[PDB]
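Next up: just one chain, as structure tokens, the form deposited in one PDB entry.
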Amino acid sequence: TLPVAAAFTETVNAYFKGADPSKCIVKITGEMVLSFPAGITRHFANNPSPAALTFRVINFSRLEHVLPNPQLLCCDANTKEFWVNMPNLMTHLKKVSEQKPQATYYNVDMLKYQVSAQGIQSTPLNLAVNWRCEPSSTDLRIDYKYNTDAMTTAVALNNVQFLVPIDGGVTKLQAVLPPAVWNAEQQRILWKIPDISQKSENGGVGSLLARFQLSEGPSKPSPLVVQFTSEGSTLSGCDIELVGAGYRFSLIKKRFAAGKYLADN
């Protein structure tokens, strides 16, 4: 039989407003990709017509605004079944394998979608930011909480970055914890935490703190921008299954990442 791979990739967007959870706007998108090995070139020469490639997406209820690949698809309530169009898949794969003859696999966009999200609960990193703006000074507090409830199974957030612009004419940085980095040319501060999870200190609950001395002042609060990626889980809870013989999954990769992930004062 032929080996094949799958990938779910979800992007989470959030916007927090000070400490008020009711005001947090959330939007999660996502993409499903099927991948085929180079061998297929020779395999679809020894075969056509090949065995029908049919799959099912599990927990399809959790998805909204679903756009199936128009060249390859779609012409109950929690499960959806798809029969891929084989002639077009083959046409495509032949085109890409002539174009990149020295490629080990070919990725094919199969599904694009939104994920219904219920506010702060659907957010893997809860954030709340507070600014105290003195005429001659500035106090910044960033509270964060790793939230297992947003994700199918509990896994870490990697390469977490907190970036925030400091207006007003910064001069000195005092009382910083944990250590951060000052960009003087861009007048902005950046914290990096490599790993945030339940296995982290305080169970993913923590605070970034900074104090700034102002040459002019006072500062106007600017949006905190956040970055993180995560491997091993979706936000949706969707999986995939093969239906019918001929094909085997060698790997189903699930991952997610912040897109526009912001927090105002």
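Quick note: we count residues from 1 along the sequence shown, nothing fancier. Here, rigid core means the biggest group of C-alpha atoms that superpose within 1.5 Å across both forms.
Quick note: we don't show the form deposited in another entry, though the next part is all about it.
The residue that stands out in 91, 183, 118, 99 is 99, the single one whose Cα moves by 2 angstroms or more between this form and the one not shown on a rigid core fit. Annotation: Cα of residue 44 displaced by at least 2 Å between this form and the one not shown, core superposition. Whereas the displayed form keeps them at a certain spacing, the CA atoms of residue 44 and residue 91 lie at least 3 angstroms farther apart in that other deposited form. In that other deposited form, the CA atoms of residue 45 and residue 241 come closer by at least 3 angstroms compared with the shown structure.
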